[PDB]
Amino acid sequence: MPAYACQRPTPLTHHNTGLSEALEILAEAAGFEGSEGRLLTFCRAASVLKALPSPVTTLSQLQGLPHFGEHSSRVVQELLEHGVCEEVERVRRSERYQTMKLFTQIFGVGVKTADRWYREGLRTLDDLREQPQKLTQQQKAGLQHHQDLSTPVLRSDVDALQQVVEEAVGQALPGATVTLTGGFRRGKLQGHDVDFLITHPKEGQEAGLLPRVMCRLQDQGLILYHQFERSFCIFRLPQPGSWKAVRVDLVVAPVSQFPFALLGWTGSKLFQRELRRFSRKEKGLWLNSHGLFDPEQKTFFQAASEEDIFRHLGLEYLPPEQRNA
DNA sequence: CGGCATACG
DNA sequence: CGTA
DNA sequence: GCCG
Ligand SMILES: Nc1nc2c(ncn2[C@H]2C[C@H](O)[C@@H](COP(=O)(O)OP(=O)(O)OP(=O)(O)O)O2)c(=O)[nH]1
Ligand SMILES: [Ca+2]
Ligand SMILES: [Ca+2]
Ligand code: NA
């Protein structure tokens, strides 16, 4: 088992679901306390289990696995012997964990804002609604739409949405294309938001495109909230006899950068962090969603495909469905 | 021990 | 600060 | 919290 998640296939469904979910609770709780290092270790340990070919049934099976030290091993040991880990359950039922989770899941609220509100004594969404003076426009939209945004978007919703985006994109710039990215590209059947990547086959034609796309979607009455090359929006999605609010991310990239943007925006988040860490620490190359830079030659790699990028980095290619780290 | 992804709005 |  |  290699140490970086980008070095091994990770399928969406696997053989250690309960163990990985418990470790991910501890990772999330570490994030709420500002401990990014502990968050990473717990996420990496959970991801190792997702990549295993069969269930862990005995503690011995963790020997040699990366990211399993005393703490993550004890969590697994308690789950194997008792079906529950006391530390995990204590986190789950803690006021701090529950409130930080509730607040950070609001669009416009991160860990830092959630933590400040927590320290001020705030605990519920109604607490926030009573003091709207405290809220940015973005947070007001996130709070008003919170219920709909807490409902998963179904893969079965996505195609009709892609068609409306494609119509606005085609008016904004004929020949421009729309690619579904994010978790849905990795095979997920649900998500918290839909992610689209827009480009045009003629380099440079995409300049200034996103404002034109947004204006057209707004004029069609589809945008409940927005506000360049990235837009984090709230869209109106049709439902039987009504509609629901959905989060949609739109990104524009020049075609020269499209494979890098496709790779970055397809995730998973941990996969991309691990891939960029591998690139820098093992290969000496700097990776982002625009390119891959050799800081010794001061040159950018050209890529025409995601396959090119994996080859550049000396890694076996993984299709999106195996990037569910 | 240092390091932990890397960007845009 | 927020967002991916 | 863990790796190197
Ligand atoms: N506000 C909010 N954020 C969420 C929720 N579920 C997951 N997240 C966070 C976890 C990650 O930091 C981030 C992942 O979103 P992305 O669109 O970048 O990733 P991906 O498409 O894999 O995830 P998704 O399936 O849409 O949840 O969103 C949720 O219900 N609400
Ligand atoms: Ca997203
Ligand atoms: Ca998504
Ligand atoms: Na949030």
Side-chain angles (χ1 to χ4, degrees), chain A residues 1-7 23-24 26-31 33-37 39-48 62 64-69 71-76 87 103-111 113-117 135-136 138-143 149 181-183 185 191-197 210-211 214 225-226 228-234 247-253 257 260-283 285-293 295 313 325:
Chain A
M1 172 80 58
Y4 292 86
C6 57
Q7 292 178 293
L23 289 163
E24 287 179 345
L26 299 183
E28 180 181 25
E33 305 309 304
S35 322
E36 195 71 5
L39 173 149
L40 280 169
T41 282
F42 282 130
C43 286
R44 293 165 181 166
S47 191
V48 161
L62 298 180
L65 294 182
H67 311 293
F68 278 90
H71 197 152
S72 302
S73 295
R74 189 247 301 148
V75 171
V76 169
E87 180 187 11
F103 286 173
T104 58
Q105 83 195 2
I106 304 167
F107 181 65
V109 180
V111 168
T113 297
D115 174 67
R116 174 167 60 74
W117 288 345
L135 303 177
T136 65
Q138 182 181 48
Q139 288 162 357
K140 287 176 182 187
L143 187 57
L149 297 187
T181 66
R185 183 171 180 249
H192 96 276
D193 76 12
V194 190
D195 310 278
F196 293 118
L197 176 62
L210 196 53
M214 293 311 300
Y225 177 85
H226 78 117
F228 55 100
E229 68 207 43
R230 304 176 181 183
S231 294
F232 316 112
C233 324
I234 303 173
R247 276 275 296 108
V248 179
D249 291 338
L250 304 179
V251 184
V252 171
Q257 299 179 10
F260 300 101
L262 180 63
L263 179 63
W265 285 91
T266 297
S268 72
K269 183 177 175 176
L270 180 64
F271 186 94
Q272 294 302 313
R273 293 173 76 153
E274 293 278 289
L275 183 67
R276 294 170 182 201
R277 189 170 67 98
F278 178 88
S279 179
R280 175 179 286 266
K281 303 303 178 173
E282 303 305 327
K283 303 301 175 170
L285 305 176
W286 300 348
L287 182 61
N288 67 21
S289 78
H290 312 317
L292 178 61
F293 184 70
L313 293 174

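In what follows, chains are A, B, ... by sequence order, proteins preceding strands, each numbered from 1. No hydrogens, no waters, no symmetry mates; every other heavy atom, side chains included, goes into these values.
- For A/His226 and C/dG2, the NE2 to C1' distance is 17 Å, given to the nearest whole Å.
- Note: CG (A/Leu250) to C1' (C/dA4) measures 12 Å, nearest angstrom.
- On the P atoms, B/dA5 is 16 Å away from D/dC3, given to the nearest whole Å.
- Atom pair A/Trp286:CH2 and B/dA5:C1' shows a separation of 13 Å (rounding to whole Å applied).
- Summarising the geometry of A/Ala5 relative to A/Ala325, their closest heavy-atom pair is CB-CB, 3.8 Å, with the distance given to 0.1 Å.
- Between A/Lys281 and B/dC4, a side-chain N or O to OP1/OP2 separation shorter than 4.0 Å is present.
- Atom-to-atom, CH2 of A/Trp265 to P of B/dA7 comes out at 14 Å; the value is rounded to the nearest Å.
- Minimum atom distance to the side chain of A/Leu40 is reached by B/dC4, of the listed D/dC3, C/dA4, B/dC4.
- Rounded to whole Å, the distance from CZ on A/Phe260 to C1' on B/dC8 is 18 Å.
- Side-chain contact annotation: A/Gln138 with A/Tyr225, donor-acceptor N/O pair under 3.5 Å absent.
- Between A/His290 and B/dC8 there is a side-chain polar atom (N or O) within less than 4.0 angstrom of OP1 or OP2.
- For A/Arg247, taking side-chain heavy atoms from C-beta onward, the closest of the listed nucleotides D/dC2, B/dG9, C/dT3 is C/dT3.
- Nearest nucleotide to the A/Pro66 side chain, out of B/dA5, D/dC3, B/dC8: D/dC3.
- With rounding to whole Å, A/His67 atom NE2 is found 7 Å from D/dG4 atom P.
- With rounding to whole Å, A/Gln139 atom CD is found 14 Å from B/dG9 atom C1'.
- Among all heavy-atom pairs drawn from A/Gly182 and A/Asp195, the shortest one is CA-OD2, 3.5 Å.
- Counted by atom type alone, A/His192 and A/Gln105 present zero donor-acceptor pairs between their side chains at under 3.5 Å.
- Note on A/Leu287: only backbone sugar-phosphate atoms sit closer than 4.0 angstrom, heavy atoms only; bases stay farther off.
- Counting distance only, with no hydrogens placed and no angle test, the side-chain atoms of A/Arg230 and the base atoms of B/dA7 include a donor-acceptor pair under 3.5 Å.
- Among the nucleotides B/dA5, D/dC2, B/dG9, the one closest to the side chain of A/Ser72 is D/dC2.
- Within the nucleic acid shown, A/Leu210 has no heavy atom closer than 4.0 Å to any nucleic acid atom.
- If you check every strand for non-hydrogen atoms under 4.0 Å, A/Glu274 touches nothing.
- Straight-line distance from the CZ atom of A/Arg280 to the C1' atom of B/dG2: 14 Å, rounded to whole Å.
- Minimum interatomic distance between A/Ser289 and A/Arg276 (heavy atoms only, all atoms of both residues): N-NH2, 3.5 Å.
- Taking side-chain N and O atoms only, A/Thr113 has a distance below 4.0 Å to OP1 or OP2 of C/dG2.
- Here A/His192 reaches the OP1 or OP2 of C/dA4: one of its side-chain N or O atoms lies under 4.0 Å away.
- Heavy atoms of A/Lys269 sit under 4.0 angstrom from at least one base atom.
- Using the six-membered ring where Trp is involved, A/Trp286 and A/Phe293 have ring planes that are tilted, between 30° and 60° apart.
- Between A/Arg44 and D/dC3, a side-chain N or O to OP1/OP2 separation shorter than 4.0 Å is absent.
- One finds no side-chain N or O of A/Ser279 lying less than 4.0 angstrom from the OP1 or OP2 phosphate oxygen of B/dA5.
- Side-chain atoms of A/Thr41 lie closest to D/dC2 of the nucleotides D/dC2, C/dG2, B/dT6.
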